[PDB]
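Residue numbers (the UniProt record's numbering), protein chains in the order written: chain Y, 2 to 207; chain A, 2 to 263; chain Z, 3 to 23, 32 to 153. To start, the structure itself, in structure tokens.
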Amino acid sequence: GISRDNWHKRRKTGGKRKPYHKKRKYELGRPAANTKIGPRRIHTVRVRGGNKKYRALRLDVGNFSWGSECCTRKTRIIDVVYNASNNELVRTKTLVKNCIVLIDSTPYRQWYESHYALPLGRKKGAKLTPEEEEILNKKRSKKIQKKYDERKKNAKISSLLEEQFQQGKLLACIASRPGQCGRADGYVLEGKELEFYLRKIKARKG
Amino acid sequence: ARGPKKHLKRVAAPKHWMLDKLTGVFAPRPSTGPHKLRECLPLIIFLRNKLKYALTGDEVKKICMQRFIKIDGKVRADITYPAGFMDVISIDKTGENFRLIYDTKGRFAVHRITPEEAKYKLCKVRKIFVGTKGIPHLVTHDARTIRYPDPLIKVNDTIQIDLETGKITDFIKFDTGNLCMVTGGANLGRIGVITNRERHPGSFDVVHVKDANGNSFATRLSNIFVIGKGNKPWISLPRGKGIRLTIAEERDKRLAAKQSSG
Amino acid sequence: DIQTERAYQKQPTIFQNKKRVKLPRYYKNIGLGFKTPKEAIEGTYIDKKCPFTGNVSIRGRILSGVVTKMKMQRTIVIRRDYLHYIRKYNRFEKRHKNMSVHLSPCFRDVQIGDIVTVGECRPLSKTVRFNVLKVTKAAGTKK
RNA sequence: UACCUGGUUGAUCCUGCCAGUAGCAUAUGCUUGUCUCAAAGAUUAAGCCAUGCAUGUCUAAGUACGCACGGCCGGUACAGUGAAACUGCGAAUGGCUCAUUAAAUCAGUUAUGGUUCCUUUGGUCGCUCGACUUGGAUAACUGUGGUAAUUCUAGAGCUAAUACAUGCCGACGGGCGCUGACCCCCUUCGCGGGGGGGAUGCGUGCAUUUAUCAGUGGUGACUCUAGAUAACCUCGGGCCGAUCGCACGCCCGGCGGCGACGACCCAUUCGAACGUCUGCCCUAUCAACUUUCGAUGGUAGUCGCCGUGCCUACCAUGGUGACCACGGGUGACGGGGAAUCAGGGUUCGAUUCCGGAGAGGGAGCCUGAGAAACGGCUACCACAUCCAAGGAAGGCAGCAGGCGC
RNA sequence: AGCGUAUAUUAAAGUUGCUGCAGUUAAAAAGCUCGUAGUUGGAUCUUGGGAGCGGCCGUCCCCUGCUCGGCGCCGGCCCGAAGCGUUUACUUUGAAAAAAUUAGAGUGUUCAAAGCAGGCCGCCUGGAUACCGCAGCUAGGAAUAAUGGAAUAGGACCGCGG
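Below is the structure:
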């Protein structure tokens, strides 16, 4: 099949190697997962030593970590924006490790709001008619308010994250190989990384 | 090959088994076990060739399949089971106890012990290891794990285990002025007192050892096994006490004993 | 100045987006009595294969050569000269074996003819298996 | 034992080769009483093969309702021996040959802190807070068939499991991190300020994947081994015993040892795999070679058991050479070794031990811990067997043996 | 109870010459000079004492300086140790190096080639040792042979100013 070995190609000098043995098994090669965005699809692969290796073929959810304040939530992937390796992997919207994807902002917003007693997203003037969010932002007992006021002291999020929350899609980087483990675990882009990537996609925009 | 080998040609077999050339083609490929294949002595070789109870492979099978032999207080009915350095072979019906320890030369001694001494053994620690919930583990030379050791034992110390319970009684710490047997190299079976350890970052640390007659010899730290505090052996030693007198002296002792014998 | 390529250059060990109210550097001593140099501790480059500030561990052989070429990037060719002993004629013959070697951007100003000590580590590339640990400048070079 | 002798001239002294002289190992000639050892289809054809064998397997301990034998009182399922068959395991070792192969193989030296590991051995196996034993098929066996044909098999009726599946209870009473209703106490007249408890809800163990924080043991050196926190858990599924055998017990229906088998993870053993440094025969009538279809590096991935141009994308213009690269030849598998030898040395090493490669030539894969396996499968070239003419089965460089050479 | 022939190879072959050949005339020195790799390169830096035993003789010892307990004595001296010291080639020691083969210790296979056995009126033995170039590793030596150090002083040391 596909051989993954050194003896098929030229030496440090540029001489041709003559193959002293035919293709071995341990010099193996399987086709690329090229994992897409759809409903969950994973196929199992029996690998060397009789272990298992999961091919994510389609994947829409992943365990992402906004690790500024240590808040990680399982989130719904929507589409891919930028890819450092190749540009056609964004056209044919394939997940690979170190992609840039948009993720559902709602689990992070929910947590931030329920933790800090302030709103996030929620543009100015928009009426909060449901008023179960009212009970999450109001009605505290005596000393719990001492706890939530010494908390919300350092509740200040950065502007470039606020912008994304107001739209409703955060930028995250896939830190787990989706082809190998059958996952899409990542982390939300922040500060210097976020500025660098927003600029790279705007140069791509033109 | 395309997998693990199962045969061992009689010429390619470890030499200290002292196998002849014209008996057969193959030698007993020792079963996998606690000791290494080149540093073991298979139960078949010890039982039939040294003691000469059995005459053939069938007789060794017959002697052991009656559950008679007991290596480290546990019954073994396996002819190619690797019995190695610091083991207590306990044949129950004859009422004998043997301990495998290196003769003055590069071979195993048929060394009979007392049943009071045949209830412990002297294990060297190979690695100290932190468990899954801060549970410290020892791993000894004979592939034997003990968890919750002494918090003092470290990576080149010797421990004394009880043979039924399998737990530490005492330990000899690796430092100067401690009895050590050499268990590898050309100095295989020399008993001496540690003189100096010389650290070599990246390479193998070399340890200088002094014999009982002011004979001094070095060996890399991999091939050392401390068996005593000061000059005190913690087990019984074989006849000679790991000295290795010269071929000139060994000639003199042999023929002088022959002259006096007649 | 750094982060020229598509992907974001950073040290994977440290976290750089801690909520607050200069960047700390990951580095390590590499043993065998080698001094972790100053451009490693203080500097602001990103190198996977820098033996002081990156993911690579020195183990096995430690050799020395003399710098020949420095044309390919973050890598040098050193030239190791020895004598081979033919036994028929009780004489030697002068031989050489030039090998590809990873030079960290730590060792800023290195010229050809410098006596460069290298240490063996995991295969870094097709032909590269060694990494520069120290540099000794050629006899003089004061003026 | 560090050795010479004949032959150019009419005679001489030299250069110089031809011929003698001795061992060695293949063939061959003539000859052969005894006895102990012992090589042998390597050289040419890694050419071709008729036939027969060369790999199977049951213990007191996975499944026996074959009367195939056989105890008896059978009425309380199963005496026992045991064909077959399902299950597990082995068939990757051994054996044969030397065609490939010239920094390749291989040898000495080291590395995996860059990995995988059946088995053996020693650890782990109420650490998880939520059933006195479940499910429905199949084989053997009875029965009916098809084909010129083979270790080919379709249909019917029945019945097992450590095959294939599904799943409890227990331990189990609570801890432990958040969540926080509600409450008593004191300093200030009082706001305020200080802790104490605390209904409820969520979460939990090892393994897997990701991100963040701190600093039990070890190394020359970890982004190590442990500890904490926030989550995730692949439905083509990690673990957390619906298994078997001899013993038979311990007090008012109750009531425990000794073994076999299995199982995620860790170590150990047997290894394998990929790297480090040095080393090989002849050739210049082989002087330049490599590279956008990867040649040498850089960043990001893909694949892999892991490290890497191993393979993609975008960059950079490198890398090797008179110290013989690149190409070519080899009547070349490499080494331990063998014959010859004063001392140097020359030639040989297919050949019983270690390593490599191959099963007529190339390529692809199944199952498994381990194979790119051929006494396994799938084609395509070459060759070739049996044909009721439709189809079918092949692989001796295993042991014998036959042609050909 | 063996001997003759055919061919491959070794010594004789100092007729491949490193040890160890030749080049006026026997075969052979480029027609001549320059010249980069290659090989090879003058002399020069440590001599010298203290002390001891036999018979002026001989042979044995001593030759950079600086954090932790006991010969201990009194923060003082000694030792012990963890860290040190321009590099390499050379030589000596040590470590690690599969067996079989060769060299070789033992042993009346009836002798021998072999073999790893055996011997004593249950017991006593054996199954050694040496060599294994080159490369890597280790610790002594410092002759010989390379290489380095102050010369627009960014010299060493010594202390203050920072």
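Note that beta-carbon positions come from the ideal geometry of N, C-alpha and C, so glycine has one too.
When secondary structure is reduced to three states using DSSP, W112/Y falls in the helix class.
Contact annotation: the stretch 43-59 of chain A touches the stretch 84-99 of chain A, with at least three C-beta pairs closer than 8 Å.
Relative to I90/A, the option among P43/A, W235/A, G185/A whose CA is nearest is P43/A. Linking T105/A to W18/A through their CA atoms gives a straight-line distance of about 15 Å.
Against chain A, a Cβ distance below 7 Å from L42/Z picks out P202, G203. Among the residues of chain Y, those whose CB is under 8 Å from the CB of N19/Z are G68, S69, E191, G192, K193, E194, following chain order.
Non-local beta-carbon contacts of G25/A in its own chain, meaning distances under 8 Å to residues more than five positions away in sequence, involve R11 in chain order. The residue among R25/Y, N87/Y, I202/Y, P120/Y with its C-alpha nearest the C-alpha of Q167/Y is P120/Y. Following the DSSP letters along the chain, one finds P179/Y in no beta strand (DSSP E) but inside the alpha helix (DSSP H) bounded by residues 179-182. Within chain Z, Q5, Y10 have C-beta atoms less than 7 Å from the C-beta of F197/Y, given in sequence order. With 16 or more other Cβ atoms from the protein chains shown falling within 10 Å of its own Cβ, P31/A counts as buried. Remark: C-beta atoms of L246/A and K233/A do not approach each other more closely than 9 Å. The C-beta of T85/Z comes no closer than 9 Å to any C-beta of chain Y.
Taking all protein chains shown into account, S135/Z has fewer than 16 neighbouring C-beta atoms within 10 Å of its C-beta and is therefore exposed. Beta-bridge pairing by DSSP links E103/Z to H94/Z.
Looking at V194/A, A258/A, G193/A, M182/A, the one whose alpha-carbon comes closest to that of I225/A is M182/A.
Membership of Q167/Y in the alpha helix (DSSP H) is indicated by the continuous run 160-168. For chain Z, the residues of the stretch 6-38 of chain Y that bring a beta carbon within less than 7 Å of one of its beta carbons are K13, in chain order. Residues of chain Y with a Cβ closer than 7 Å to the Cβ of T137/Z are, in chain order, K13. Ranked by Cα distance from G180/Y, the first of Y113/Y, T45/Y, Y21/Y is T45/Y. DSSP, reduced to helix, strand and coil, places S223/A within a helical segment of the structure shown. In this structure, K59/Z places its C-beta atom within 9 Å of the C-beta atom of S114/Z. Against chain Z, a Cβ distance below 9 Å from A85/Y picks out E7, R8, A9, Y10. Closest by C-alpha distance to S160/Y, out of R152/Y, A85/Y, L171/Y, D150/Y, is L171/Y. Residues of chain Z whose Cβ lies closer than 7 Å to the Cβ of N138/Y do not exist, since the nearest Cβ in that chain is about 22 Å away.
For the options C71/Y, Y27/Y, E89/Y, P40/Y, the alpha carbon positioned closest to that of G51/Y is the one of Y27/Y.
Residue-level contact check: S110/Z touches chain Y, since one or more beta carbons of chain Y fall below 9 Å from its beta carbon. Here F197/Y carries a helix assignment [DSSP, helix/strand/coil]. No Cβ of chain Z is located within less than 9 Å of the beta carbon of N52/Y. Following the DSSP letters along the chain, one finds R255/A in no beta strand (DSSP E) but inside the alpha helix (DSSP H) bounded by residues 248-262.
The beta carbons of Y117/Y and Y149/Y sit closer together than 9 Å.
With respect to chain Y, the C-beta atom of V128/Z has no partner C-beta closer than 9 Å. Counting along the chain, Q146/Y sits inside no beta strand (DSSP E); it lies in the alpha helix (DSSP H) bounded by residues 145-152.
Annotation for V61/A: the continuous alpha helix (DSSP H) segment containing it runs 58-65.
Straight across, the Cα-Cα distance linking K125/Y with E151/Y is about 25 Å. Exclusion of the five residues before and after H112/A leaves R100, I102, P239 as the residues of its chain whose Cβ lies within less than 6 Å of its Cβ.
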